[PDB]
Amino acid sequence: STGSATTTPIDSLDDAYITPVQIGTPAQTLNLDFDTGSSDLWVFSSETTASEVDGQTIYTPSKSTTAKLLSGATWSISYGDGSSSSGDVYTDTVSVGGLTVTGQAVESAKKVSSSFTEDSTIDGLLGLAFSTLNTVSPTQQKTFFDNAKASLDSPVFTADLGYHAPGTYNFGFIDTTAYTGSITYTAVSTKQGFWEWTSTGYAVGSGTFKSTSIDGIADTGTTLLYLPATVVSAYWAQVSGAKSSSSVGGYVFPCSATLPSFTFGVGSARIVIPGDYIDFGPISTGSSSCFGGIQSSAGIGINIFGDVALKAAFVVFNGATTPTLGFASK
(Lines give C-alpha, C1' and ligand atoms only; values in the text may rest on other atoms or scores of the structure.)
Protein backbone atom coordinates (compact mmCIF):
# COMPACT_ATOMS: atom_id res chain seq x y z
CA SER A 1 0.00 0.00 0.00
CA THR A 2 0.85 3.69 -0.22
CA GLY A 3 -0.56 7.02 0.90
CA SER A 4 -0.15 10.57 -0.37
CA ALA A 5 -1.42 13.72 1.34
CA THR A 6 -0.96 17.42 0.73
CA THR A 7 0.53 19.46 3.56
CA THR A 8 -0.26 23.17 3.77
CA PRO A 9 1.43 26.02 5.68
CA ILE A 10 -0.71 27.34 8.52
CA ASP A 11 0.24 31.00 7.88
CA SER A 12 2.21 33.29 5.59
CA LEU A 13 5.48 32.53 7.41
CA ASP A 14 5.39 28.72 7.12
CA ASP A 15 5.37 28.51 10.92
CA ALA A 16 4.08 24.94 10.63
CA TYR A 17 2.30 22.68 8.15
CA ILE A 18 -1.03 20.87 8.50
CA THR A 19 -2.09 17.65 6.78
CA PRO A 20 -5.66 16.28 6.79
CA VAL A 21 -6.07 12.97 8.63
CA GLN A 22 -9.20 10.80 8.75
CA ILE A 23 -9.96 9.33 12.18
CA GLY A 24 -12.77 6.97 13.09
CA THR A 25 -15.90 5.61 11.45
CA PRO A 26 -17.52 7.58 9.89
CA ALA A 27 -14.36 9.56 9.23
CA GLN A 28 -13.64 12.66 11.28
CA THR A 29 -11.10 14.78 9.41
CA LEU A 30 -8.63 16.71 11.56
CA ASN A 31 -5.70 18.80 10.35
CA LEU A 32 -2.59 17.50 12.10
CA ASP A 33 0.98 18.75 12.37
CA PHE A 34 3.18 15.89 11.14
CA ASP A 35 6.18 15.94 13.47
CA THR A 36 9.30 13.85 12.74
CA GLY A 37 10.64 15.05 16.13
CA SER A 38 8.03 13.33 18.32
CA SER A 39 6.17 10.04 18.46
CA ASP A 40 2.63 10.71 19.75
CA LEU A 41 -0.49 11.07 17.63
CA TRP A 42 -2.68 13.31 19.78
CA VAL A 43 -5.79 15.31 18.98
CA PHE A 44 -8.07 17.97 20.33
CA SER A 45 -11.17 16.06 21.37
CA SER A 46 -14.56 16.07 23.06
CA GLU A 47 -12.56 15.47 26.28
CA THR A 48 -10.41 18.60 25.99
CA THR A 49 -11.07 21.17 28.71
CA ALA A 50 -13.58 23.46 27.03
CA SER A 51 -11.75 26.69 27.93
CA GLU A 52 -8.66 25.33 26.14
CA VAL A 53 -10.44 24.81 22.80
CA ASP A 54 -10.64 27.89 20.54
CA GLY A 55 -11.57 27.03 16.95
CA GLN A 56 -9.90 23.61 16.55
CA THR A 57 -11.75 20.69 15.07
CA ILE A 58 -12.21 17.99 17.70
CA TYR A 59 -12.26 14.20 17.59
CA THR A 60 -15.32 12.76 19.34
CA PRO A 61 -14.66 9.06 20.02
CA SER A 62 -18.25 8.40 21.09
CA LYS A 63 -19.33 9.12 17.49
CA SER A 64 -16.86 6.59 16.01
CA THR A 65 -18.11 3.01 15.81
CA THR A 66 -14.49 1.78 15.64
CA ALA A 67 -13.14 3.71 18.65
CA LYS A 68 -12.19 1.71 21.74
CA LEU A 69 -10.85 3.09 25.00
CA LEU A 70 -7.33 1.81 25.66
CA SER A 71 -8.08 1.04 29.26
CA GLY A 72 -5.73 2.56 31.81
CA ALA A 73 -3.54 4.31 29.26
CA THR A 74 -2.52 7.93 29.74
CA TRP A 75 -0.09 10.21 27.97
CA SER A 76 1.72 13.45 28.70
CA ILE A 77 4.21 15.26 26.50
CA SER A 78 6.35 18.40 26.64
CA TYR A 79 7.89 19.89 23.52
CA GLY A 80 11.11 21.82 23.00
CA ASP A 81 9.23 25.12 22.79
CA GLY A 82 7.76 24.62 26.27
CA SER A 83 4.28 23.61 25.10
CA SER A 84 2.58 20.52 26.43
CA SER A 85 -0.52 18.33 26.35
CA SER A 86 -1.88 15.24 28.09
CA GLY A 87 -4.87 12.94 28.25
CA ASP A 88 -6.12 9.40 27.71
CA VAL A 89 -6.03 7.03 24.75
CA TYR A 90 -8.35 5.35 22.26
CA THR A 91 -7.56 2.99 19.44
CA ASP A 92 -9.28 3.76 16.15
CA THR A 93 -8.88 3.62 12.40
CA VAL A 94 -6.63 6.35 11.01
CA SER A 95 -6.10 7.11 7.33
CA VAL A 96 -3.59 9.48 5.72
CA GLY A 97 -3.86 10.16 2.02
CA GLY A 98 -5.57 6.82 1.34
CA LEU A 99 -3.32 4.72 3.61
CA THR A 100 -5.29 3.13 6.45
CA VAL A 101 -4.10 1.79 9.81
CA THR A 102 -6.54 -0.03 12.07
CA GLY A 103 -5.96 -0.07 15.80
CA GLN A 104 -3.89 3.13 15.83
CA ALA A 105 -3.41 4.74 19.23
CA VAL A 106 -5.22 8.10 19.10
CA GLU A 107 -4.22 10.12 22.15
CA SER A 108 -7.14 12.30 23.23
CA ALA A 109 -6.16 15.55 24.90
CA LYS A 110 -7.74 16.41 28.20
CA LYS A 111 -5.37 19.37 28.66
CA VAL A 112 -3.32 21.47 26.24
CA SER A 113 -1.02 24.40 26.93
CA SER A 114 -1.82 27.92 25.83
CA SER A 115 0.19 27.85 22.61
CA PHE A 116 -1.95 24.98 21.32
CA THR A 117 -5.20 26.70 22.30
CA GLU A 118 -4.03 29.90 20.61
CA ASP A 119 -3.36 28.13 17.30
CA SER A 120 -6.80 27.43 15.84
CA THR A 121 -5.32 25.85 12.70
CA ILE A 122 -3.66 22.82 14.35
CA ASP A 123 -6.03 20.11 15.57
CA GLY A 124 -3.24 17.91 16.95
CA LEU A 125 0.09 16.28 16.15
CA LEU A 126 1.03 13.11 14.26
CA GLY A 127 4.43 11.94 15.47
CA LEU A 128 6.86 10.36 13.02
CA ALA A 129 10.00 9.91 15.14
CA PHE A 130 10.82 6.47 16.56
CA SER A 131 8.21 4.75 18.73
CA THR A 132 10.67 4.54 21.63
CA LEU A 133 9.77 8.21 22.30
CA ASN A 134 6.02 7.56 22.55
CA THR A 135 4.73 8.80 25.92
CA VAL A 136 1.77 6.45 26.47
CA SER A 137 1.89 4.70 29.84
CA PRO A 138 1.92 1.97 31.02
CA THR A 139 2.06 0.40 27.53
CA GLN A 140 4.03 2.43 25.00
CA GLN A 141 2.30 2.76 21.63
CA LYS A 142 3.53 2.72 18.03
CA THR A 143 3.52 5.62 15.59
CA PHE A 144 1.30 5.65 12.51
CA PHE A 145 4.35 4.94 10.34
CA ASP A 146 5.48 2.05 12.55
CA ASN A 147 2.01 0.49 12.35
CA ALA A 148 1.76 1.00 8.58
CA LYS A 149 5.31 -0.05 7.72
CA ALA A 150 4.75 -3.75 7.09
CA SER A 151 1.90 -3.01 4.66
CA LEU A 152 3.76 -0.32 2.70
CA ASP A 153 5.26 -1.07 -0.70
CA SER A 154 8.55 0.24 0.72
CA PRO A 155 9.21 1.07 4.41
CA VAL A 156 9.64 4.81 3.83
CA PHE A 157 7.90 8.13 4.03
CA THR A 158 8.93 11.38 2.36
CA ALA A 159 8.56 15.04 3.33
CA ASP A 160 8.33 17.58 0.52
CA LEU A 161 7.52 20.85 2.29
CA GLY A 162 6.75 23.95 0.27
CA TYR A 163 8.10 27.46 0.64
CA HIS A 164 5.00 29.63 1.06
CA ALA A 165 3.11 26.89 -0.79
CA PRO A 166 1.61 23.44 -0.25
CA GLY A 167 3.74 20.31 -0.34
CA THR A 168 3.35 16.56 0.11
CA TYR A 169 3.83 13.73 2.58
CA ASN A 170 4.07 10.33 0.84
CA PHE A 171 4.06 6.94 2.54
CA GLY A 172 5.42 3.78 1.00
CA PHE A 173 7.00 5.12 -2.20
CA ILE A 174 9.48 7.66 -3.52
CA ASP A 175 8.03 10.00 -6.17
CA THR A 176 10.91 10.27 -8.61
CA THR A 177 9.26 13.30 -10.27
CA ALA A 178 9.37 15.34 -7.05
CA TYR A 179 13.10 16.08 -6.94
CA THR A 180 16.05 16.93 -9.17
CA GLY A 181 19.31 15.04 -9.45
CA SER A 182 19.88 12.11 -7.12
CA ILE A 183 19.01 11.40 -3.49
CA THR A 184 22.02 11.26 -1.16
CA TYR A 185 21.50 8.94 1.79
CA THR A 186 23.21 9.38 5.15
CA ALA A 187 23.40 7.34 8.34
CA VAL A 188 20.90 7.72 11.18
CA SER A 189 21.35 7.13 14.90
CA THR A 190 18.15 6.09 16.67
CA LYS A 191 19.80 6.23 20.12
CA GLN A 192 17.81 9.33 21.16
CA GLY A 193 14.64 8.28 19.31
CA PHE A 194 15.11 10.93 16.59
CA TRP A 195 16.03 10.96 12.91
CA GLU A 196 19.53 11.99 13.99
CA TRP A 197 22.24 12.38 11.38
CA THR A 198 25.53 14.21 10.80
CA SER A 199 25.80 16.99 8.26
CA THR A 200 29.21 17.32 6.61
CA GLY A 201 29.43 21.12 6.83
CA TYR A 202 28.10 24.43 5.62
CA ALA A 203 28.58 27.52 3.48
CA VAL A 204 27.23 31.06 3.81
CA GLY A 205 26.10 32.68 0.58
CA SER A 206 28.73 32.32 -2.12
CA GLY A 207 31.40 31.58 0.49
CA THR A 208 33.64 28.57 0.64
CA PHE A 209 32.29 25.36 2.14
CA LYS A 210 33.50 24.58 5.66
CA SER A 211 33.90 20.84 6.21
CA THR A 212 32.79 20.10 9.77
CA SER A 213 30.53 17.47 11.32
CA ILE A 214 27.21 18.80 12.64
CA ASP A 215 25.06 16.23 14.44
CA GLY A 216 21.38 17.13 14.41
CA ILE A 217 17.84 15.90 13.91
CA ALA A 218 15.51 16.16 10.92
CA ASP A 219 12.44 17.67 12.59
CA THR A 220 9.40 18.69 10.54
CA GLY A 221 7.76 19.90 13.75
CA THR A 222 10.31 22.65 14.39
CA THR A 223 9.98 25.84 12.33
CA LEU A 224 13.57 27.08 12.23
CA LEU A 225 17.13 25.83 11.71
CA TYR A 226 19.05 25.59 15.01
CA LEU A 227 22.82 25.19 14.65
CA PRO A 228 25.96 25.70 16.76
CA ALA A 229 26.69 29.26 17.81
CA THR A 230 29.88 29.40 15.72
CA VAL A 231 27.97 28.55 12.53
CA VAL A 232 25.09 30.92 13.28
CA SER A 233 27.47 33.80 14.07
CA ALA A 234 29.27 33.22 10.76
CA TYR A 235 25.93 33.40 8.92
CA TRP A 236 24.58 36.57 10.54
CA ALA A 237 27.95 38.33 10.26
CA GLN A 238 27.19 38.54 6.52
CA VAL A 239 24.00 40.57 7.13
CA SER A 240 24.51 44.27 7.82
CA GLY A 241 22.88 45.26 11.07
CA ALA A 242 22.06 41.74 12.22
CA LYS A 243 22.49 41.07 15.92
CA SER A 244 21.54 38.62 18.63
CA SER A 245 18.84 40.16 20.83
CA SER A 246 18.35 38.67 24.29
CA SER A 247 15.07 40.58 24.62
CA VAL A 248 13.64 39.18 21.39
CA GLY A 249 15.13 35.72 21.90
CA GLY A 250 17.51 35.32 18.98
CA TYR A 251 19.07 36.89 15.94
CA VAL A 252 17.18 39.74 14.32
CA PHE A 253 18.08 41.68 11.21
CA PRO A 254 16.88 44.79 9.36
CA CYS A 255 13.76 43.98 7.36
CA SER A 256 15.35 45.96 4.50
CA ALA A 257 18.15 43.37 4.14
CA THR A 258 18.61 40.84 1.38
CA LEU A 259 19.65 37.62 3.12
CA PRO A 260 22.38 35.30 1.82
CA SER A 261 21.67 31.65 1.18
CA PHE A 262 22.84 28.92 3.56
CA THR A 263 24.20 25.58 2.29
CA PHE A 264 24.40 22.41 4.37
CA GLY A 265 26.26 19.23 3.47
CA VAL A 266 24.75 15.77 3.12
CA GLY A 267 27.74 13.55 2.49
CA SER A 268 29.37 14.96 -0.62
CA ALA A 269 26.09 16.60 -1.70
CA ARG A 270 24.87 20.10 -0.89
CA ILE A 271 21.43 21.50 -0.10
CA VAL A 272 21.02 25.25 -0.65
CA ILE A 273 18.52 27.17 1.49
CA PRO A 274 17.69 30.40 -0.38
CA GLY A 275 18.04 33.59 1.62
CA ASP A 276 14.32 34.34 1.49
CA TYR A 277 13.57 31.11 3.38
CA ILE A 278 15.49 32.57 6.35
CA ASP A 279 13.22 35.64 6.68
CA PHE A 280 10.54 35.22 9.38
CA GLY A 281 9.26 38.74 9.13
CA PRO A 282 8.77 41.54 11.62
CA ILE A 283 9.32 40.68 15.28
CA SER A 284 6.03 42.46 16.01
CA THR A 285 3.45 43.90 13.65
CA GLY A 286 4.87 46.90 11.83
CA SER A 287 8.41 46.57 13.16
CA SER A 288 11.39 47.05 10.84
CA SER A 289 13.30 44.41 12.82
CA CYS A 290 12.85 40.96 11.31
CA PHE A 291 13.34 37.58 12.95
CA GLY A 292 15.99 35.22 11.61
CA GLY A 293 15.31 31.68 10.47
CA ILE A 294 18.73 30.41 11.53
CA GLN A 295 19.24 30.47 15.30
CA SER A 296 21.70 29.11 17.82
CA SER A 297 21.14 25.66 19.32
CA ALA A 298 23.42 26.47 22.26
CA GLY A 299 20.51 26.49 24.72
CA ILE A 300 18.78 23.38 23.33
CA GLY A 301 21.29 20.56 23.67
CA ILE A 302 20.83 19.38 20.07
CA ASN A 303 21.02 20.86 16.59
CA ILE A 304 17.69 20.88 14.75
CA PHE A 305 17.22 20.74 10.97
CA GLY A 306 13.70 22.16 11.10
CA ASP A 307 11.39 23.32 8.34
CA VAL A 308 13.72 26.12 7.16
CA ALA A 309 16.22 23.44 6.13
CA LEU A 310 13.88 20.59 5.21
CA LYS A 311 11.69 22.63 2.86
CA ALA A 312 14.75 23.26 0.67
CA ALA A 313 14.92 19.50 0.00
CA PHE A 314 13.01 16.37 -0.83
CA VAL A 315 13.60 14.28 2.29
CA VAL A 316 13.34 10.48 2.55
CA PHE A 317 12.77 8.97 5.99
CA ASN A 318 13.90 5.40 5.33
CA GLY A 319 12.52 3.06 8.00
CA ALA A 320 14.31 -0.05 6.83
CA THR A 321 15.81 -2.35 9.47
CA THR A 322 18.76 0.05 9.52
CA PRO A 323 17.12 3.47 9.09
CA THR A 324 18.71 6.17 6.95
CA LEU A 325 17.84 9.66 5.73
CA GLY A 326 17.92 10.81 2.11
CA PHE A 327 18.11 14.37 0.79
CA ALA A 328 17.68 15.62 -2.78
CA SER A 329 17.44 19.09 -4.23
CA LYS A 330 14.14 19.99 -5.87
Side-chain angles (χ1 to χ4, degrees), residues 1-10 12 14 16-22 29 31-37 94-101 126 128-129 143-148 150-188 195 197 199-200 217-223 225 261-278 305-330:
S1 62
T2 64
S4 181
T6 299
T7 193
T8 301
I10 64 167
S12 64
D14 300 344
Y17 298 77
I18 48 170
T19 308
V21 176
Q22 282 70 49
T29 299
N31 297 326
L32 305 188
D33 184 352
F34 282 24
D35 180 12
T36 62
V94 172
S95 298
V96 176
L99 170 65
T100 300
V101 167
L126 190 149
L128 292 168
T143 69
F144 175 82
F145 177 53
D146 214 335
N147 281 322
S151 306
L152 296 177
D153 291 357
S154 183
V156 305
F157 69 91
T158 64
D160 178 11
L161 303 179
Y163 168 67
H164 295 349
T168 306
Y169 280 102
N170 290 329
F171 290 84
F173 70 107
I174 288 162
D175 180 356
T176 59
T177 72
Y179 59 86
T180 64
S182 55
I183 306 177
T184 296
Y185 288 86
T186 196
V188 164
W195 293 93
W197 65 289
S199 173
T200 51
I217 65 167
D219 185 0
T220 58
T222 290
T223 311
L225 175 52
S261 63
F262 184 89
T263 300
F264 64 93
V266 184
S268 56
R270 307 286 179 253
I271 299 295
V272 179
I273 304 170
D276 288 350
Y277 290 27
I278 299 162
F305 293 87
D307 298 334
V308 163
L310 302 182
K311 74 192 183 184
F314 178 88
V315 189
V316 179
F317 293 81
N318 171 26
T321 303
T322 297
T324 65
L325 279 167
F327 292 81
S329 297
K330 64 185 186 190

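Counting from 1, the numbers follow the sequence of the chain as shown. Values below: all heavy atoms of this structure, side chains included; hydrogens, waters and symmetry mates excluded.
Note: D153 CG to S1 OG = 6.0 Å, rounded to the nearest 0.5 Å. Atom CD1 in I271 sits 10.0 Å away from atom OG in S199 (nearest 0.5 Å). Atom CG of residue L99 and atom CG of residue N147 lie 10.5 Å apart, to the nearest 0.5 angstrom. Atom CD1 in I174 sits 12.5 Å away from atom CG in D160 (nearest 0.5 Å). Here CZ of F314 is found 6.0 Å from CG of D175. Values are rounded to the nearest 0.5 Å. The distance from atom CG of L128 to atom CG of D219, rounded to the nearest 0.5 Å, is 10.5 Å.
Minimum interatomic distance between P155 and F145 (heavy atoms only, all atoms of both residues): O-CZ, 3.5 Å. A pairwise comparison of heavy atoms in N170 and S4 identifies OD1-OG, 2.6 Å as the closest pair. For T8 against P166, the heavy-atom pair with the smallest separation is OG1-CB, 4.3 Å. The two residues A148 and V101 make their nearest non-hydrogen contact at CB-CG2, 3.7 Å. Nearest approach of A5 to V96, heavy atoms of both residues: CB-CG1, 4.0 Å. In terms of heavy atoms, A269 sits closest to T184 at CB-OG1, 3.3 Å.
By the 4.5 Å heavy-atom criterion applied to side chains, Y185 and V316 are counted as neighbours. Side-chain contact check for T200 versus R270: some heavy-atom pair is nearer than 4.5 Å. Side-chain contact between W197 and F327 is present, with heavy atoms from C-beta onward closer than 4.5 Å. A heavy-atom distance below 4.5 Å is found between the side chains of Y169 and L161. Between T19 and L32, every side-chain heavy-atom pair lies at or beyond the 4.5 Å cut-off. By the 4.5 Å heavy-atom criterion applied to side chains, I278 and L225 are not counted as neighbours. Residues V272 and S329 have side chains not in contact (no heavy-atom distance under 4.5 Å, counting atoms from C-beta outward).
Side-chain polar atoms of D307 and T223 form no donor-acceptor pair below 3.5 angstrom. In the model, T324 has a side-chain atom that pairs as donor or acceptor with a side-chain atom of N318 under 3.5 Å.
For the pair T220 (side chain) and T36 (backbone), a donor-acceptor distance under 3.5 Å is present. Side chain of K311 to main chain of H164: no donor-acceptor pair is present (N/O by atom type, distance under 3.5 Å, no hydrogens or angles). At least one donor-acceptor pair closer than 3.5 Å links the side chain of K330 to the backbone N or O of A313.
Classification of the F157-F317 ring pair by plane angle, with boundaries at 30° and 60°, yields parallel. Ring geometry, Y277 versus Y163: the interplanar angle falls under 30°, so the pair is classed parallel (tilted spans 30 to 60°). The aromatic rings of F34 and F171 sit perpendicular to each other, their planes meeting at more than 60°, with 30° as the lower class boundary.
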